[PDB]
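Inspection log for the structure reproduced underneath, given as structure tokens.
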2 protein chains.
Amino acid sequence: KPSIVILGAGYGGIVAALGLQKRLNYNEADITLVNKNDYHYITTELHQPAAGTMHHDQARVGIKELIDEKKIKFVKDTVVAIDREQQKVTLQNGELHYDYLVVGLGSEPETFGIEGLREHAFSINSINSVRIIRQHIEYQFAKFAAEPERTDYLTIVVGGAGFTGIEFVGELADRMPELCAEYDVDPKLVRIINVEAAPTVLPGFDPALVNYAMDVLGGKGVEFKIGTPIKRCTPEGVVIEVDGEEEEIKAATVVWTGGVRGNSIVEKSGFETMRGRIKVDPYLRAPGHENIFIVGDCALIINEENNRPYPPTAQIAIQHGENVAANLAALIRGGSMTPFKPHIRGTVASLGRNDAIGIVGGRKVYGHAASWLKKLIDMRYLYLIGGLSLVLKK
Amino acid sequence: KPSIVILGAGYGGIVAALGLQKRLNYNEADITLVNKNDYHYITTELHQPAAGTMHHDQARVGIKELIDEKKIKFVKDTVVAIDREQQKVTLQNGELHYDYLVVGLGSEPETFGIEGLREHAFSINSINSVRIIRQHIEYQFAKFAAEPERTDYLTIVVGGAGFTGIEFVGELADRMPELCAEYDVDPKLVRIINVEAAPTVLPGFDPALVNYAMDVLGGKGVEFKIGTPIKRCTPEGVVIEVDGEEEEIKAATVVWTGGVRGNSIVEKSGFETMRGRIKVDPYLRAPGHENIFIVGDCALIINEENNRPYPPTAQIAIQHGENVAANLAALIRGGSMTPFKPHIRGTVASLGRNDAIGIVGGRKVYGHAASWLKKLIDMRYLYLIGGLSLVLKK
Ligand SMILES: Cc1cc2nc3c(=O)[nH]c(=O)nc-3n(C[C@H](O)[C@H](O)[C@H](O)COP(=O)(O)OP(=O)(O)OC[C@H]3O[C@@H](n4cnc5c(N)ncnc54)[C@H](O)[C@@H]3O)c2cc1C
Ligand SMILES: Cc1cc2nc3c(=O)[nH]c(=O)nc-3n(C[C@H](O)[C@H](O)[C@H](O)COP(=O)(O)OP(=O)(O)OC[C@H]3O[C@@H](n4cnc5c(N)ncnc54)[C@H](O)[C@@H]3O)c2cc1C
């Protein structure tokens, strides 16, 4: 019985684990799933509890409830290092050996060495982190009424006007009326500032969709500072660069959505990486390793049509897991593997709870239509991993 | 036509204002009520929103909803100083003249010059302050899951084991199960520590009631450190004295319930005070001033039967307001005044939402009985200032 070890129970890992579960009979292989939490969180929904527009329990599910304990041994622990030569994974509270390894440790924030950013800014990338953001913001607003001159309490800076940043400021905008009512705050004093180094909001997306997004969010009071890089971050705010001069934004809350990289454990373990990501072979294996598969945000795929990398998405992470599960089963059974080919469908960006933008079926979508479509797409993933029961739960 | 100016819309000021409203005609006197907020808060209930066991809106009511605009002119402003010589009150955004003055500015925290206490500990004395405490604590618990070795996040130190401290830790204890579930916290790691310099919890109360209180709160996991003074306070915690030696308690939350004094404006205005309060004459007037009345926590009353001071309570504050309103009406109309005579009824201390201790009528009360009695007593005040409508509201 060969030992398959899966590192990280995210989109890539959970799908891979459940795939192997469905494809393999009992005693065909040992399957160990490692995750630092006993729950799997819906990473694509994390902007909502971060803004307090949805309870965080709506964005996570117990791993034991998803898997078959007789087929998969779940281990709750934190991966520290991978020893490729010994084929051993080092954890905080033990060690594991493998015949096959699946790395799905996800992303970590990339702050590009910008001073104070790692230590004084917040990230939206886990249940813990979004509860921290949520309660941090509520704490600032609670402090304001006693110190009405401290409008920096009411200022939130979101660094990076990409997909995550745009969805987050949308949620923040919807949250503000209730939040201000809770803490006797003049809503006109609230500032939500989206700061982007690139010269365009949502750089790389269709201009028509972008302008609609900016118009809607702009209407809701969101400010955009574009072509404006953050130079440093403090607990008092950020310094930005405007017209070749430094300008300070006093803000008690700074959220970084300006870049991610593959989990550093991968690169530190000696794998050759580009921005922490591994340019895997056609079978999603790490080059030089016939027994190591890489999924999700740790994997790098190049679109051969335009020589551009696919972005780190949940959508492609899911497709990774399905392919790896299929190919691992084949390897266990001495069969031939099937080369991975991504099929990129449409993605919808939420603009608060009642508005959205995106491409679905090949057509531009807006408003309530787009908003419902996003919910349906997200529901499909829940059905994939937890069947109708998980869908009915929430 | 005399000008009556009332400073502070607390128990003393609101009752006095409503009393004058009920006793005087529309042309007998000008009545101005000054308050820094447009709302009157139920100070005796503030321990609940501080612990998050009751929404803060349940502990306040709009002042305009209580008074008759044709009889009383409400001014939303902050009192800065009182000029006795000119009979003028200075505000942050203007100034007022009076023929008669009623001072009901309440208490402010007394930290006795204990280092760091004023700057790093929290007080339960307004709607703003309890929302700050509430969100501070939730913020600490939110941070814990990401740093499970920082158990100091889960330690709450309450300085002073008097009436307020006991009620507050009672509320915190009831809150903990829900709070821990919200933030994935092991409840056994939580520490609620009541620190008291005196050698007994609730010093001055009946020992039987005290022992019952400690047993109930102790069962709920509340720790008591008695004969233990706080020496200094930091954002990291407190230093305490144990057997003449320094010991540190690491705690991200320190709440001070160990002493209050009369609002400093009274002393700063040149009034002769003892611990910030004025030892008023039998008609609740400031000595040397036949036209200045002091009510509530700014007033000091000595029980002439046993020469001991009455504690600063809402119960006696209410009686102050009624007496002053009656006596002011008499002065305006040239009648004779009535010496203040306190009638001290029973007071019940809550021990969470489902338990309590106190004296009612002439018998000691416990449990659900005591708990309901406290609610009814508090309800009586709501009826006094707002009739059945306000009662039905809450
Ligand atoms: C607000 C937000 C919105 C998004 N919306 C979309 C969208 O609409 N469409 C789309 O396609 N993509 C979206 N994404 C991106 C998508 O969420 C990620 O691409 C996806 O999470 C990547 O899958 P993953 O399994 O590789 O990583 P992850 O989902 O992050 O999974 C990593 C797992 O491994 C665990 N883990 C991490 N490190 C360790 C360690 N040392 N030891 C043990 N366990 C560890 C983690 O606890 C976690 O469970 C969004 C991302 C964010 C932040
Ligand atoms: C948790 C807690 C529980 C309590 N429980 C009880 C109990 O059960 N029974 C009992 O008898 N007592 C109880 N007390 C004590 C009681 O609350 C006080 O004695 C009461 O509040 C005093 O009434 P007051 O009007 O003098 O002061 P306050 O109630 O504090 O009123 C002061 C008013 O004046 C305003 N004000 C203050 N300064 C200014 C300024 N510069 N300018 C303008 N406005 C100003 C304030 O905003 C406020 O509206 C409790 C106290 C606390 C903290």
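All chains are named by letter (A, B, ...) in the order of the sequence lines, taking the proteins before the strands, and each is independently numbered beginning at 1. What's counted below: heavy atoms across the whole structure, side chains too, no hydrogens, waters or symmetry copies. Atoms within each ligand, like the ligands themselves, are counted from 1 in listed order.
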Please answer whether the main-chain N or O of [Y] pairs with a side-chain N or O of [X] as donor and acceptor at a distance below 3.5 Å.
X: A:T90; Y: A:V80; result: no
X: B:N263; Y: B:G106; result: no
X: B:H47; Y: B:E167; result: no
X: A:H56; Y: A:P49; result: no
X: A:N35; Y: A:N37; result: yes
X: A:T273; Y: A:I278; result: no

[X] heavy atoms, cut-off 4.0 Å: which ligand 1 atoms fall inside?
X: A:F163; result: 5 (N), 7 (C), 8 (O)
X: A:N263; result: 38 (N)
X: A:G296; result: 26 (O)
X: A:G12; result: 25 (O)
X: A:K374; result: 8 (O)
X: A:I124; result: 53 (C)
X: A:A317; result: 23 (O)

I'd like to know if A:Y41 contacts ligand 1, where contact means a heavy-atom distance under 4.0 Å to any ligand atom. yes

Can A:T78 be said to touch ligand 1, with heavy atoms closer than 4.0 Å? yes

[X] versus ligand 1: do any nitrogen or oxygen atoms come within less than 3.5 Å of each other?
X: A:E45; value: no
X: A:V295; value: no
X: A:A314; value: yes
X: A:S107; value: no
X: A:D297; value: yes
X: A:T347; value: no
X: A:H47; value: no
X: A:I265; value: no

Can you label the angle between the B:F163 ring and the B:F205 ring as parallel, tilted or perpendicular, going by 30° and 60°?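 Rings of B:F163 and B:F205: tilted, as their planes differ by 30° to 60°.
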
Can you classify the ring geometry of A:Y11 versus A:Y381 as parallel (below 30°), tilted (30 to 60°) or perpendicular (above 60°)?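 Geometry flag for A:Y381 against A:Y11: tilted rings.
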
Interfacing atoms of ligand 2 (cut-off 4.0 Å, heavy-atom, [X]):
X: B:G8; result: 34 (O)
X: B:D77; result: 43 (C)
X: B:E167; result: 3 (C), 5 (N)

Could you tell me whether [X] and ligand 2 have an N or O pair separated by under 3.5 Å?
X: B:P312; result: yes
X: B:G13; result: no
X: B:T164; result: no
X: B:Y39; result: no

Tell me whether ligand 2 is touched by B:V34 - counting only heavy atoms on the residue side and a distance under 4.0 Å.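 Heavy atoms of B:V34 never come under 4.0 Å of ligand 2.
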
Name the closest protein heavy atom to atom 42 (N) of ligand 1, giving the residue it belongs to and the distance to 0.1 Å.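 Heavy-atom neighbour on the protein nearest atom 42 (N) of ligand 1: A:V79 N, 2.9 Å.
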
Closest non-hydrogen protein atom to atom 5 (N) of ligand 1, residue and atom name please, with distance?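 Result: A:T44 CB, 3.5 Å.
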
Of A:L105, A:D378, A:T313, A:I377, which has the heavy atom at the shortest distance from atom 37 (C) of ligand 1? A:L105

NZ or CZ of A:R60 within 45° of A:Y41 ring axis and under 6.0 Å: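 Geometry flag: not set, cation outside 6.0 Å or 45°.
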
Please lay out, stage by stage, how A:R131 and B:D184 fare under the test salt bridge (charged side-chain N to carboxylate O under 4.0 Å, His left out). CA-CA 11 Å; A:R131 286 189 300 213; B:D184 306 337; 3.0 Å; yes

